[PDB]
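Chains A and B supply the protein sequences, listed in that same order. Mapping of the first sequence onto the numbering used here: position 99 corresponds to residue 1073, and the numbering continues sequentially without gaps. Mapping of the second sequence onto the numbering used here: position 80 corresponds to residue 1054, and the numbering continues sequentially without gaps. Data first, discussion second: the structure below is written as structure tokens.
2 protein chains.
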Amino acid sequence: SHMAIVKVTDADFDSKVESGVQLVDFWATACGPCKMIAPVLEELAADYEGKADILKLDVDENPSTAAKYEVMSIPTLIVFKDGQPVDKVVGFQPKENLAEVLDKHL
Amino acid sequence: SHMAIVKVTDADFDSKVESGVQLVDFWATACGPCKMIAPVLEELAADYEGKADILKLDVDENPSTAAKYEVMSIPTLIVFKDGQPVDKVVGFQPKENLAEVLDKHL
Ligand SMILES: [Fe+3]
Ligand SMILES: [Fe+3]
């Protein structure tokens, strides 16, 4: 009923993924993209003081909300307008890009 | 130039997310969605034995490959055919959805 997923590394990737059909799960124990986006959001919060709020929710500690908004990877950002979800950004994005997303809804 | 990101939980989401434009970062320290998808992939590996291979790459430990394929959140699943990426699914999906994606390329 279960078979082990085969581990690949930078050293052997090109040899393992060469012929036929492979599905590769890019994963990690810790959330690197979550850490990368955090200071971006802190700078965005300062740039948008008074105009937009920036909040964070840990999905491992808060499964109910994470399930309600169908969060499937992390990080995922949901823009709310007056309590209603109006936009979604999946994964790390540069500050400039997130600003453009906020701007569309201000 | 940095402002603290306000924490929200299952308990207080209703009281905190209510008015104005509000961006919520759904994140975690550990990758809960990565943990949820692993047994699904193990079952898929058994179902597709001898037809497709299922592999995993830890992005923290393997920056070259993670960068080559522009992984921006996790988990990210990429389907390769004869060594070329032909399809991408971002985040946890149920087994039947993943099966449909492999079948398209088999
Ligand atoms: Fe800074
Ligand atoms: Fe900066």
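All residues carry an ideal CB built from backbone N, CA and C; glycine is no exception.
Neighbouring residues, chain A, relative to residue i (Cβ below 8 Å)
i        : result
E1017(B) : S975 and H976
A1004(B) : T1003, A1004, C1005 and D1034
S1047(B) : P1007, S1047, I1048, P1049, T1050, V1064, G1065 and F1066
Bounding residues of the alpha helix (DSSP H) (the contiguous stretch that carries residue i)
i        : result
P1037(B) : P1037 to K1042
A1019(A) : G1006 to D1021
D988(B)  : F987 to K990
Neighbour list for residue i in chain A, Cβ cutoff strictly below 7 Å
i        : result
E992(B)  : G1057
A1040(B) : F1000
For residue j and residue i, the rounded distance between their alpha carbons
i        : j        : result
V1033(B) : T1050(A) : 18 Å
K1009(B) : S993(B)  : 34 Å
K1025(B) : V995(A)  : 7 Å
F987(A)  : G1057(B) : 10 Å
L1080(B) : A1004(B) : 34 Å
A1073(A) : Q1067(A) : 10 Å
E1035(A) : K1042(A) : 14 Å
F1054(B) : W1001(B) : 28 Å
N1071(A) : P1037(A) : 28 Å
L997(B)  : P1059(B) : 32 Å
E1023(B) : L1015(B) : 12 Å
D1027(A) : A1040(B) : 32 Å
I1052(B) : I1052(A) : 24 Å
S989(A)  : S975(A)  : 27 Å
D984(A)  : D984(B)  : 39 Å
Where the beta strand (DSSP E) through residue i begins and ends
i        : result
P1068(A) : Segment: none, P1068(A) is in no beta strand (DSSP E) and carries neither H nor E.
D1056(A) : No beta strand (DSSP E) holds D1056(A); DSSP gives it neither H nor E.
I1028(A) : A1026 to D1032
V995(B)  : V995 to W1001
Proximity of residue i and residue j at Cβ, strictly below 8 Å
i        : j        : result
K1069(A) : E1017(A) : yes
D999(A)  : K1030(B) : yes
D1061(A) : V1075(A) : yes
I1011(A) : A1012(B) : no
Chain B residues whose Cβ lies nearer than 9 Å to that of residue i
i        : result
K1030(A) : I979, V980, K981, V982, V998, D999, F1000 and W1001
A1020(A) : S975, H976 and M977
Contacting residues, own chain, Cβ-Cβ under 8 Å from residue i (five flanking each side not counted)
i              : result
residue 931(A) : What is shown of chain A runs 975 to 1080, which leaves residue 931(A) out entirely.
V991(A)        : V982 and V998
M977(A)        : none
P1007(B)       : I1048, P1049, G1065 and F1066
Interface residues of chain B facing residue i [CB-CB closer than 8 Å]
i        : result
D1027(A) : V980, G994, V995, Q996 and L997
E1023(A) : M977
Same chain, Cβ closer than 6 Å to residue i, neighbours up to 5 away in sequence not counted
i        : result
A1019(B) : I1028
Residues that residue i contacts on chain A, provided the C-beta gap is smaller than 9 Å
i        : result
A1012(B) : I979, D999 and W1001
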